[PDB]
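Peer 1: What follows is final-v7.cif, made up of mmCIF, C-alpha atoms:
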```cif
data_upload
#
loop_
_atom_site.group_PDB
_atom_site.id
_atom_site.type_symbol
_atom_site.label_atom_id
_atom_site.label_comp_id
_atom_site.auth_asym_id
_atom_site.auth_seq_id
_atom_site.Cartn_x
_atom_site.Cartn_y
_atom_site.Cartn_z
ATOM 1 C CA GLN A 1 -7.448 18.778 -14.031
ATOM 2 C CA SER A 2 -4.912 16.468 -12.427
ATOM 3 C CA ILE A 3 -5.618 15.492 -8.832
ATOM 4 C CA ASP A 4 -1.959 14.633 -8.421
ATOM 5 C CA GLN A 5 -0.851 18.107 -9.497
ATOM 6 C CA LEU A 6 -3.511 19.667 -7.317
ATOM 7 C CA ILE A 7 -2.595 17.683 -4.203
ATOM 8 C CA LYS A 8 1.069 18.462 -4.760
ATOM 9 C CA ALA A 9 0.049 22.121 -4.914
ATOM 10 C CA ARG A 10 -1.413 21.633 -1.426
ATOM 11 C CA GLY A 11 1.946 20.347 -0.234
ATOM 12 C CA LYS A 12 1.346 16.601 -0.332
ATOM 13 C CA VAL A 13 3.641 14.202 -2.123
ATOM 14 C CA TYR A 14 1.274 12.432 -4.530
ATOM 15 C CA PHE A 15 -2.052 11.165 -5.662
ATOM 16 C CA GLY A 16 -1.296 7.617 -6.767
ATOM 17 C CA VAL A 17 -2.897 4.565 -8.281
ATOM 18 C CA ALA A 18 -2.372 0.847 -8.281
ATOM 19 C CA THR A 19 -1.796 -0.674 -11.668
ATOM 20 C CA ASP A 20 0.350 -3.260 -13.460
ATOM 21 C CA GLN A 21 1.553 -4.191 -16.903
ATOM 22 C CA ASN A 22 -1.770 -5.828 -17.796
ATOM 23 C CA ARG A 23 -3.563 -2.509 -17.242
ATOM 24 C CA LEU A 24 -0.979 -0.319 -18.920
ATOM 25 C CA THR A 25 -1.097 -2.195 -22.235
ATOM 26 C CA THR A 26 -4.905 -1.819 -22.501
ATOM 27 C CA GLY A 27 -7.725 0.686 -22.468
ATOM 28 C CA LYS A 28 -6.977 4.241 -21.507
ATOM 29 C CA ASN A 29 -5.230 3.394 -18.241
ATOM 30 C CA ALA A 30 -1.772 4.611 -19.225
ATOM 31 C CA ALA A 31 -3.091 7.897 -20.621
ATOM 32 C CA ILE A 32 -5.093 8.666 -17.497
ATOM 33 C CA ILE A 33 -2.265 7.691 -15.135
ATOM 34 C CA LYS A 34 0.124 9.892 -17.096
ATOM 35 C CA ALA A 35 -2.259 12.830 -16.943
ATOM 36 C CA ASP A 36 -3.781 12.572 -13.468
ATOM 37 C CA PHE A 37 -1.631 10.491 -11.085
ATOM 38 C CA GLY A 38 1.854 10.907 -9.760
ATOM 39 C CA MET A 39 2.705 7.545 -8.247
ATOM 40 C CA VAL A 40 2.050 3.964 -9.296
ATOM 41 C CA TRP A 41 2.038 0.756 -7.272
ATOM 42 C CA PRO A 42 2.033 -2.819 -8.628
ATOM 43 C CA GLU A 43 -1.254 -4.446 -7.752
ATOM 44 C CA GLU A 44 0.148 -7.952 -8.016
ATOM 45 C CA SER A 45 3.470 -8.049 -9.850
ATOM 46 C CA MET A 46 5.578 -7.539 -6.693
ATOM 47 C CA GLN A 47 3.651 -10.005 -4.527
ATOM 48 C CA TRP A 48 5.398 -13.120 -3.310
ATOM 49 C CA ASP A 49 3.873 -15.634 -5.660
ATOM 50 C CA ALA A 50 4.773 -13.467 -8.674
ATOM 51 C CA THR A 51 8.355 -12.785 -7.698
ATOM 52 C CA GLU A 52 9.452 -15.944 -5.867
ATOM 53 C CA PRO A 53 7.330 -18.924 -6.952
ATOM 54 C CA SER A 54 9.878 -21.408 -5.491
ATOM 55 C CA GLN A 55 12.636 -20.838 -2.934
ATOM 56 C CA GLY A 56 15.408 -18.619 -4.270
ATOM 57 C CA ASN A 57 14.040 -18.578 -7.817
ATOM 58 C CA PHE A 58 13.025 -15.026 -8.541
ATOM 59 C CA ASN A 59 11.419 -13.368 -11.477
ATOM 60 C CA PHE A 60 10.590 -9.779 -12.075
ATOM 61 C CA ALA A 61 8.918 -9.629 -15.449
ATOM 62 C CA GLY A 62 5.821 -7.744 -14.322
ATOM 63 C CA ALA A 63 7.561 -5.785 -11.613
ATOM 64 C CA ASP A 64 10.274 -4.613 -13.987
ATOM 65 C CA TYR A 65 7.638 -3.539 -16.477
ATOM 66 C CA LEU A 66 5.906 -1.360 -13.943
ATOM 67 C CA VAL A 67 9.089 0.125 -12.443
ATOM 68 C CA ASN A 68 10.437 0.846 -15.882
ATOM 69 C CA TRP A 69 7.152 2.332 -17.016
ATOM 70 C CA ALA A 70 7.082 4.626 -14.018
ATOM 71 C CA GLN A 71 10.609 5.797 -14.692
ATOM 72 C CA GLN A 72 9.943 6.249 -18.377
ATOM 73 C CA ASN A 73 6.874 8.333 -17.503
ATOM 74 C CA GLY A 74 8.128 10.392 -14.582
ATOM 75 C CA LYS A 75 6.067 8.672 -11.892
ATOM 76 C CA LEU A 76 6.942 7.774 -8.310
ATOM 77 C CA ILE A 77 6.774 4.109 -7.352
ATOM 78 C CA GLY A 78 5.506 2.324 -4.279
ATOM 79 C CA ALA A 79 5.784 -1.427 -4.029
ATOM 80 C CA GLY A 80 4.695 -4.303 -1.853
ATOM 81 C CA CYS A 81 3.708 -6.271 -0.078
ATOM 82 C CA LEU A 82 6.822 -8.059 1.060
ATOM 83 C CA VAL A 83 5.441 -9.962 4.079
ATOM 84 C CA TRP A 84 1.750 -10.850 4.322
ATOM 85 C CA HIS A 85 -0.553 -13.830 3.916
ATOM 86 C CA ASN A 86 -2.037 -12.899 0.560
ATOM 87 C CA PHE A 87 -0.381 -14.070 -2.628
ATOM 88 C CA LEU A 88 1.826 -16.224 -0.394
ATOM 89 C CA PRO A 89 2.967 -19.487 -2.016
ATOM 90 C CA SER A 90 2.308 -22.710 -0.172
ATOM 91 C CA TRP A 91 6.038 -23.367 -0.244
ATOM 92 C CA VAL A 92 6.380 -20.508 2.234
ATOM 93 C CA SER A 93 3.382 -21.254 4.443
ATOM 94 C CA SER A 94 4.468 -24.920 4.491
ATOM 95 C CA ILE A 95 7.583 -23.858 6.442
ATOM 96 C CA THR A 96 7.390 -25.041 10.052
ATOM 97 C CA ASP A 97 10.543 -23.627 11.674
ATOM 98 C CA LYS A 98 11.630 -20.166 12.723
ATOM 99 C CA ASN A 99 15.116 -19.883 11.270
ATOM 100 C CA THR A 100 14.153 -21.269 7.918
ATOM 101 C CA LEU A 101 11.253 -18.875 7.648
ATOM 102 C CA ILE A 102 13.375 -15.947 8.853
ATOM 103 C CA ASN A 103 15.959 -16.657 6.205
ATOM 104 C CA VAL A 104 13.382 -17.147 3.485
ATOM 105 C CA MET A 105 11.641 -13.924 4.509
ATOM 106 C CA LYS A 106 14.881 -11.970 4.663
ATOM 107 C CA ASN A 107 16.037 -13.230 1.290
ATOM 108 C CA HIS A 108 12.670 -12.325 -0.244
ATOM 109 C CA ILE A 109 12.805 -8.794 1.221
ATOM 110 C CA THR A 110 16.433 -8.266 0.333
ATOM 111 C CA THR A 111 16.226 -9.544 -3.198
ATOM 112 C CA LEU A 112 13.207 -7.504 -4.170
ATOM 113 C CA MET A 113 14.332 -4.271 -2.520
ATOM 114 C CA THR A 114 17.889 -4.513 -3.754
ATOM 115 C CA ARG A 115 16.784 -4.930 -7.351
ATOM 116 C CA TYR A 116 15.139 -1.510 -7.308
ATOM 117 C CA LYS A 117 17.350 0.110 -4.687
ATOM 118 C CA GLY A 118 17.076 3.892 -4.687
ATOM 119 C CA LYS A 119 14.140 4.110 -7.089
ATOM 120 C CA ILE A 120 11.205 3.148 -4.897
ATOM 121 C CA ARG A 121 9.642 5.709 -2.633
ATOM 122 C CA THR A 122 7.756 3.339 -0.337
ATOM 123 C CA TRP A 123 7.797 -0.354 0.374
ATOM 124 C CA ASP A 124 4.944 -2.036 2.153
ATOM 125 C CA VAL A 125 7.100 -4.347 4.207
ATOM 126 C CA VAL A 126 4.437 -5.947 6.426
ATOM 127 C CA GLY A 127 0.765 -6.113 5.541
ATOM 128 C CA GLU A 128 -2.438 -7.175 7.277
ATOM 129 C CA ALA A 129 -0.574 -8.204 10.455
ATOM 130 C CA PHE A 130 -3.585 -7.564 12.733
ATOM 131 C CA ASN A 131 -6.809 -9.308 13.501
ATOM 132 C CA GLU A 132 -9.937 -7.209 13.841
ATOM 133 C CA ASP A 133 -9.675 -7.373 17.638
ATOM 134 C CA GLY A 134 -6.167 -5.918 17.564
ATOM 135 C CA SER A 135 -4.283 -9.116 18.251
ATOM 136 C CA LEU A 136 -1.687 -10.143 15.719
ATOM 137 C CA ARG A 137 -2.880 -12.178 12.801
ATOM 138 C CA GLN A 138 -1.842 -15.824 12.894
ATOM 139 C CA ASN A 139 -0.257 -15.930 9.483
ATOM 140 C CA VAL A 140 2.686 -18.273 8.962
ATOM 141 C CA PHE A 141 5.141 -15.602 9.980
ATOM 142 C CA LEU A 142 3.559 -15.069 13.378
ATOM 143 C CA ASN A 143 2.861 -18.792 13.836
ATOM 144 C CA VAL A 144 6.425 -19.906 13.065
ATOM 145 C CA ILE A 145 8.738 -16.980 13.712
ATOM 146 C CA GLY A 146 6.673 -15.275 16.390
ATOM 147 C CA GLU A 147 6.242 -11.571 16.885
ATOM 148 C CA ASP A 148 9.907 -10.921 16.075
ATOM 149 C CA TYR A 149 9.064 -11.359 12.393
ATOM 150 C CA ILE A 150 8.010 -7.691 12.247
ATOM 151 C CA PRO A 151 11.253 -6.316 13.749
ATOM 152 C CA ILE A 152 13.261 -8.609 11.507
ATOM 153 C CA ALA A 153 11.355 -7.703 8.350
ATOM 154 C CA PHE A 154 11.772 -3.987 8.889
ATOM 155 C CA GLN A 155 15.454 -4.154 9.834
ATOM 156 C CA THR A 156 16.109 -6.267 6.757
ATOM 157 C CA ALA A 157 14.245 -3.837 4.532
ATOM 158 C CA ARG A 158 16.142 -0.873 5.910
ATOM 159 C CA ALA A 159 19.435 -2.559 5.091
ATOM 160 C CA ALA A 160 18.298 -3.509 1.598
ATOM 161 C CA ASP A 161 17.308 0.030 0.592
ATOM 162 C CA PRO A 162 17.866 2.723 3.173
ATOM 163 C CA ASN A 163 16.269 5.345 0.868
ATOM 164 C CA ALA A 164 12.839 3.740 0.920
ATOM 165 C CA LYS A 165 10.079 4.594 3.319
ATOM 166 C CA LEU A 166 9.166 1.364 5.093
ATOM 167 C CA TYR A 167 5.499 0.896 5.840
ATOM 168 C CA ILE A 168 3.230 -1.418 7.720
ATOM 169 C CA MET A 169 -0.248 -1.468 6.202
ATOM 170 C CA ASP A 170 -3.643 -2.772 7.204
ATOM 171 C CA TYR A 171 -7.321 -2.431 6.404
ATOM 172 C CA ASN A 172 -10.266 -1.565 8.598
ATOM 173 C CA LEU A 173 -8.286 1.176 10.249
ATOM 174 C CA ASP A 174 -11.113 3.569 9.386
ATOM 175 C CA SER A 175 -12.556 4.429 12.816
ATOM 176 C CA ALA A 176 -10.683 5.709 15.837
ATOM 177 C CA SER A 177 -13.008 3.659 18.034
ATOM 178 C CA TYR A 178 -12.181 0.325 16.400
ATOM 179 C CA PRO A 179 -9.808 -1.947 18.344
ATOM 180 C CA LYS A 180 -7.728 -2.678 15.250
ATOM 181 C CA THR A 181 -6.923 0.996 14.699
ATOM 182 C CA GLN A 182 -5.973 1.433 18.312
ATOM 183 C CA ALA A 183 -3.885 -1.719 18.384
ATOM 184 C CA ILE A 184 -1.758 -0.945 15.348
ATOM 185 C CA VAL A 185 -0.989 2.445 16.896
ATOM 186 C CA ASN A 186 -0.018 0.943 20.245
ATOM 187 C CA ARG A 187 2.071 -1.785 18.645
ATOM 188 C CA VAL A 188 3.802 0.603 16.215
ATOM 189 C CA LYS A 189 4.669 2.985 19.012
ATOM 190 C CA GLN A 190 6.124 0.035 20.955
ATOM 191 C CA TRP A 191 7.980 -1.322 17.927
ATOM 192 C CA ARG A 192 9.477 2.060 17.178
ATOM 193 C CA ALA A 193 10.610 2.378 20.786
ATOM 194 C CA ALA A 194 12.238 -1.008 20.296
ATOM 195 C CA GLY A 195 14.107 0.343 17.246
ATOM 196 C CA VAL A 196 11.998 -1.198 14.502
ATOM 197 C CA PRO A 197 12.347 1.219 11.510
ATOM 198 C CA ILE A 198 8.679 1.667 10.716
ATOM 199 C CA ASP A 199 8.511 4.852 8.681
ATOM 200 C CA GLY A 200 4.835 4.736 7.882
ATOM 201 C CA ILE A 201 1.434 3.298 8.531
ATOM 202 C CA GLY A 202 -0.553 2.751 5.377
ATOM 203 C CA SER A 203 -4.303 2.569 5.728
ATOM 204 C CA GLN A 204 -5.794 0.288 3.065
ATOM 205 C CA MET A 205 -9.082 2.116 2.624
ATOM 206 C CA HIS A 206 -11.482 -0.210 0.894
ATOM 207 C CA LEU A 207 -14.546 1.627 2.128
ATOM 208 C CA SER A 208 -18.275 1.143 2.077
ATOM 209 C CA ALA A 209 -20.586 4.097 1.488
ATOM 210 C CA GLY A 210 -20.537 6.587 4.333
ATOM 211 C CA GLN A 211 -17.287 5.382 5.884
ATOM 212 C CA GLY A 212 -15.258 8.388 4.710
ATOM 213 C CA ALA A 213 -16.357 10.482 7.660
ATOM 214 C CA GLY A 214 -14.783 8.101 10.160
ATOM 215 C CA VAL A 215 -11.376 8.551 8.570
ATOM 216 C CA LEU A 216 -11.266 12.134 9.758
ATOM 217 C CA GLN A 217 -10.503 10.866 13.273
ATOM 218 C CA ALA A 218 -8.982 7.507 12.386
ATOM 219 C CA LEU A 219 -6.168 9.062 10.320
ATOM 220 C CA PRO A 220 -4.827 11.323 13.089
ATOM 221 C CA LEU A 221 -5.041 8.358 15.461
ATOM 222 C CA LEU A 222 -2.799 6.419 13.059
ATOM 223 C CA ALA A 223 -0.452 9.397 12.844
ATOM 224 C CA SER A 224 -0.112 9.447 16.625
ATOM 225 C CA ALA A 225 2.046 6.304 16.565
ATOM 226 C CA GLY A 226 4.958 8.618 15.788
ATOM 227 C CA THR A 227 5.913 7.316 12.398
ATOM 228 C CA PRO A 228 7.324 9.977 10.110
ATOM 229 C CA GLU A 229 4.532 9.344 7.641
ATOM 230 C CA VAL A 230 1.120 7.895 7.178
ATOM 231 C CA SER A 231 -0.651 7.301 3.898
ATOM 232 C CA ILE A 232 -3.891 6.115 2.340
ATOM 233 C CA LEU A 233 -3.672 3.270 -0.085
ATOM 234 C CA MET A 234 -5.921 0.911 -1.932
ATOM 235 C CA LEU A 235 -8.620 3.529 -1.693
ATOM 236 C CA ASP A 236 -11.987 2.822 -3.222
ATOM 237 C CA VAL A 237 -15.471 3.635 -2.023
ATOM 238 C CA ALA A 238 -18.626 1.737 -2.849
ATOM 239 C CA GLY A 239 -20.850 4.108 -4.753
ATOM 240 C CA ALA A 240 -18.008 6.624 -5.172
ATOM 241 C CA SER A 241 -19.948 9.304 -3.288
ATOM 242 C CA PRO A 242 -18.242 12.686 -3.645
ATOM 243 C CA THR A 243 -18.837 13.058 0.091
ATOM 244 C CA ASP A 244 -16.907 9.922 1.016
ATOM 245 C CA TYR A 245 -14.011 10.782 -1.261
ATOM 246 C CA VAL A 246 -13.847 14.399 -0.103
ATOM 247 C CA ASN A 247 -13.847 13.273 3.540
ATOM 248 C CA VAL A 248 -10.885 11.014 2.814
ATOM 249 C CA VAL A 249 -9.078 13.841 1.037
ATOM 250 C CA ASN A 250 -9.760 16.208 3.900
ATOM 251 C CA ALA A 251 -8.423 13.683 6.403
ATOM 252 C CA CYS A 252 -5.231 13.588 4.355
ATOM 253 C CA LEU A 253 -5.091 17.403 4.235
ATOM 254 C CA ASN A 254 -5.714 17.645 7.992
ATOM 255 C CA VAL A 255 -2.924 15.197 8.944
ATOM 256 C CA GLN A 256 0.484 16.794 8.574
ATOM 257 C CA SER A 257 2.288 13.481 8.274
ATOM 258 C CA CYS A 258 -0.069 12.044 5.633
ATOM 259 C CA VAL A 259 1.953 12.132 2.410
ATOM 260 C CA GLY A 260 -0.679 11.165 -0.090
ATOM 261 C CA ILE A 261 -3.459 8.967 -1.285
ATOM 262 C CA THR A 262 -3.376 5.994 -3.670
ATOM 263 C CA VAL A 263 -6.551 4.669 -5.288
ATOM 264 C CA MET A 264 -6.935 1.003 -5.975
ATOM 265 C CA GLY A 265 -7.470 1.487 -9.744
ATOM 266 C CA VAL A 266 -8.390 3.893 -12.525
ATOM 267 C CA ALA A 267 -11.722 2.926 -14.042
ATOM 268 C CA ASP A 268 -14.666 1.159 -12.478
ATOM 269 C CA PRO A 269 -14.969 -1.831 -14.880
ATOM 270 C CA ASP A 270 -11.418 -2.831 -14.000
ATOM 271 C CA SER A 271 -11.970 -2.750 -10.253
ATOM 272 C CA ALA A 272 -12.341 -6.085 -8.514
ATOM 273 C CA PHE A 273 -15.424 -4.338 -7.100
ATOM 274 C CA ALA A 274 -16.573 -2.955 -10.494
ATOM 275 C CA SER A 275 -20.293 -3.260 -9.871
ATOM 276 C CA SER A 276 -19.945 -0.960 -6.859
ATOM 277 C CA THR A 277 -18.475 1.647 -9.240
ATOM 278 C CA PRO A 278 -16.024 2.580 -6.510
ATOM 279 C CA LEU A 279 -13.292 4.410 -8.431
ATOM 280 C CA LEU A 280 -12.849 7.892 -9.813
ATOM 281 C CA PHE A 281 -13.250 7.147 -13.550
ATOM 282 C CA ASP A 282 -16.182 5.358 -15.106
ATOM 283 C CA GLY A 283 -16.208 2.610 -17.707
ATOM 284 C CA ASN A 284 -15.780 5.110 -20.506
ATOM 285 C CA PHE A 285 -12.714 6.340 -18.574
ATOM 286 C CA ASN A 286 -14.380 9.696 -17.953
ATOM 287 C CA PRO A 287 -13.914 11.459 -14.618
ATOM 288 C CA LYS A 288 -16.745 10.818 -12.241
ATOM 289 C CA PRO A 289 -18.467 13.286 -9.904
ATOM 290 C CA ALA A 290 -16.158 12.200 -7.103
ATOM 291 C CA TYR A 291 -13.115 13.028 -9.271
ATOM 292 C CA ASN A 292 -14.527 16.471 -9.935
ATOM 293 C CA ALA A 293 -15.314 16.922 -6.242
ATOM 294 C CA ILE A 294 -11.708 16.123 -5.352
ATOM 295 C CA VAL A 295 -10.539 18.622 -7.984
ATOM 296 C CA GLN A 296 -12.827 21.248 -6.482
ATOM 297 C CA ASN A 297 -11.657 20.407 -2.959
ATOM 298 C CA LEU A 298 -7.990 20.758 -3.883
ATOM 299 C CA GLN A 299 -8.336 23.948 -5.946
#
```
Show me, as structure tokens, the structure contained in the file I just sent.
Peer 2:
Amino acid sequence: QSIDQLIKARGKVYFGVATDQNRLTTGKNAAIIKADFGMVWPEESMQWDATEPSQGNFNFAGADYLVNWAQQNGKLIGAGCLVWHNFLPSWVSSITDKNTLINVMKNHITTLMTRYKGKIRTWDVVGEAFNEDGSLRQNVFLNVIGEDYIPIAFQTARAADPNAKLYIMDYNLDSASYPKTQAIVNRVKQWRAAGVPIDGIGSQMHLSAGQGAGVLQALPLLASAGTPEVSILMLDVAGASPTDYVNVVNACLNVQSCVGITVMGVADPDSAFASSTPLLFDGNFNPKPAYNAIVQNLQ
């Protein structure tokens, strides 16, 4: 049974998965995504190095493949990350001055979002903006633009595609008692009061065994920032315990504003963390106990 169909039958928007052209042309990925998932996200093909390897020179080969595949196959699309330190070319982090970096950042946001305007559900506009203590991460954007980079990024994104949900995302937001979780909430509330159009907080849930339980209170904390939505993305769990995965699903179900859950991949051997068998399908692309437990929890 399809966990996407089942979660939609509980009133959520999707059960999604990260993928890309390289996965869709091989193995059983495409067949499983077609059958069991309702939203796809590009793992890497929309990241900065892939789409803008030098200033103003864009390419969309991978991104177009994924967006077109989704459309061809009736799947929702989320995309990102527009502004974060990962996949960031040195040409960008070598920028030393505020206005240059603002204009580079705006042009990157605008170009990517405009290309797919109206067809993308969610854009991860800003990612991994926080340190573990809740201060803002000293990536090149914070270092050079200052804290206004987050307001600017979101306002630019809203202009580029007003139909898209605009998210901030971070990891280690998995306990309500962790300073990072508290800080993103406080800062998002503030930013929204300042008119920054942050529609969602996305919790990048790369979890170790036993961490699912903490999400039951972390997720409503994230939802208390007042964004219209929250979501779970990049979900995987070391060991793929049914208990961890069911806890995450229940947190989603318990949080009105939580629209859905995206897993970081389909089958364990293709995970960057393959040896931790942290996904819902095994190396033979068969559903794992955790997949069945999610089915049972959503029936």
Peer 1: What lies within 6 Å of residue 239 in chain A using only C-alpha atoms, ignoring chain neighbours under 4 positions off, as a list in words?
Peer 2: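 The residues that qualify are residues 276, 277 and 278 of chain A.
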Peer 1: Show me the residues close to (-0.2, -10.5, 1.2) - anything with an atom within 8 Å, counting all atoms listed in the file - and format the list as a PyMOL selection string.
Peer 2: chain A and resi 47-48+81-88+127-128
Peer 1: Written as an MDAnalysis selection string, which residues does the PyMOL selection byres ((chain A and resi 166) around 8) give for the file shown?
Peer 2: chainID A and resid 122:125 154 157:158 164:165 167:168 197:200
Peer 1: As a check of understanding, name the residues that the PyMOL selection byres ((chain A and resi 252-267) around 7) selects in the supplied structure, as a PDB file with C-alpha atoms, keeping the file's coordinate frame.
Peer 2:
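Saved as out.pdb:
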```pdb
ATOM      1  CA  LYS A  12       1.346  16.601  -0.332  1.00  0.00           C
ATOM      2  CA  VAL A  13       3.641  14.202  -2.123  1.00  0.00           C
ATOM      3  CA  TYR A  14       1.274  12.432  -4.530  1.00  0.00           C
ATOM      4  CA  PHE A  15      -2.052  11.165  -5.662  1.00  0.00           C
ATOM      5  CA  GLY A  16      -1.296   7.617  -6.767  1.00  0.00           C
ATOM      6  CA  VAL A  17      -2.897   4.565  -8.281  1.00  0.00           C
ATOM      7  CA  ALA A  18      -2.372   0.847  -8.281  1.00  0.00           C
ATOM      8  CA  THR A  19      -1.796  -0.674 -11.668  1.00  0.00           C
ATOM      9  CA  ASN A  29      -5.230   3.394 -18.241  1.00  0.00           C
ATOM     10  CA  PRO A 220      -4.827  11.323  13.089  1.00  0.00           C
ATOM     11  CA  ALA A 223      -0.452   9.397  12.844  1.00  0.00           C
ATOM     12  CA  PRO A 228       7.324   9.977  10.110  1.00  0.00           C
ATOM     13  CA  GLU A 229       4.532   9.344   7.641  1.00  0.00           C
ATOM     14  CA  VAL A 230       1.120   7.895   7.178  1.00  0.00           C
ATOM     15  CA  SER A 231      -0.651   7.301   3.898  1.00  0.00           C
ATOM     16  CA  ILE A 232      -3.891   6.115   2.340  1.00  0.00           C
ATOM     17  CA  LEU A 233      -3.672   3.270  -0.085  1.00  0.00           C
ATOM     18  CA  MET A 234      -5.921   0.911  -1.932  1.00  0.00           C
ATOM     19  CA  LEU A 235      -8.620   3.529  -1.693  1.00  0.00           C
ATOM     20  CA  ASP A 236     -11.987   2.822  -3.222  1.00  0.00           C
ATOM     21  CA  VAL A 248     -10.885  11.014   2.814  1.00  0.00           C
ATOM     22  CA  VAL A 249      -9.078  13.841   1.037  1.00  0.00           C
ATOM     23  CA  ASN A 250      -9.760  16.208   3.900  1.00  0.00           C
ATOM     24  CA  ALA A 251      -8.423  13.683   6.403  1.00  0.00           C
ATOM     25  CA  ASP A 268     -14.666   1.159 -12.478  1.00  0.00           C
ATOM     26  CA  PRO A 269     -14.969  -1.831 -14.880  1.00  0.00           C
ATOM     27  CA  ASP A 270     -11.418  -2.831 -14.000  1.00  0.00           C
ATOM     28  CA  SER A 271     -11.970  -2.750 -10.253  1.00  0.00           C
ATOM     29  CA  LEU A 279     -13.292   4.410  -8.431  1.00  0.00           C
ATOM     30  CA  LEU A 280     -12.849   7.892  -9.813  1.00  0.00           C
ATOM     31  CA  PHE A 281     -13.250   7.147 -13.550  1.00  0.00           C
ATOM     32  CA  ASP A 282     -16.182   5.358 -15.106  1.00  0.00           C
ATOM     33  CA  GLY A 283     -16.208   2.610 -17.707  1.00  0.00           C
ATOM     34  CA  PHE A 285     -12.714   6.340 -18.574  1.00  0.00           C
TER      35      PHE A 285
END
```
Peer 1: Might you pull out every residue within 6 Å of range 171-176 of chain A, with only C-alpha atoms counted and same-chain residues fewer than 6 positions away left off, and present them as JSON, numbers by chain?
Peer 2: {"A": [203, 204, 214, 215, 217, 218]}
Peer 1: Using the chain letters and residue numbers of this document, give as a ChimeraX atom specification the residues selected by the PyMOL selection byres ((chain A and resi 292) around 12).
Peer 2: /A:1-3,6,36,240-243,245-246,280-281,286-291,293-299
Peer 1: State, in Å with one decimal place, the distance from CA of residue 131 in chain A to CA of residue 180 in chain A.
Peer 2: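 It comes out at 6.9 Å.
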Peer 1: For CA of residue 93 in chain A and CA of residue 149 in chain A, determine how far apart the two atoms are, in Å to one decimal place.
Peer 2: 13.9 Å
Peer 1: What lies within 10 Å of residue 89 in chain A using only C-alpha atoms, ignoring chain neighbours under 6 positions off, as a ChimeraX atom specification?
Peer 2: /A:47-50,52-55
Peer 1: I'd like the interatomic distance between CA of residue 161 in chain A and CA of residue 63 in chain A, to a tenth of an Å.
Peer 2: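 For CA of residue 161 in chain A relative to CA of residue 63 in chain A, the distance reads 16.7 Å.
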Peer 1: With the cut-off set at 10 Å and counting all atoms listed in the file, tabulate each residue of range 143-164 of chain A with an atom at most that distance from an atom of range 95-104 of chain A, showing the nearest atom pair and its distance in Å to one decimal, ordered by chain and increasing number, as CSV.
Peer 2:
```
residue,atom,partner,partner_atom,distance
A:143,CA,A:96,CA,8.6
A:144,CA,A:98,CA,5.2
A:145,CA,A:98,CA,4.4
A:146,CA,A:98,CA,7.9
A:148,CA,A:102,CA,9.5
A:149,CA,A:102,CA,7.2
A:152,CA,A:102,CA,7.8
A:153,CA,A:102,CA,8.5
```
Peer 1: With only C-alpha atoms as the atoms that count, which of A:33, A:137, A:44, A:5 lies nearest to residue 20 in chain A?
Peer 2: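 Ranking A:33, A:137, A:44, A:5 by distance to residue 20 in chain A, first place goes to A:44.
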Peer 1: Of the candidates A:208, A:94, A:224, A:21, which one gets nearest to residue 141 in chain A if we count all atoms listed in the file?
Peer 2: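 Selected residue with least distance to residue 141 in chain A: A:94.
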Peer 1: Please provide as a list in words all residues within 9 Å of range 110-119 of chain A, with the sequence filter that same-chain residues fewer than 5 positions apart are discarded (counting only C-alpha atoms).
Peer 2: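 Close residues of range 110-119 of chain A: residues 46, 51, 58, 60, 64, 67, 71, 76, 77, 82, 105, 156, 157, 159, 160, 161, 162, 163 and 164 of chain A.
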Peer 1: Measuring between only C-alpha atoms, which one of A:140, A:196, A:284, A:187 shows the shortest distance to residue 90 in chain A?
Peer 2: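 When distances to residue 90 in chain A are compared using only C-alpha atoms, the smallest one comes from A:140.
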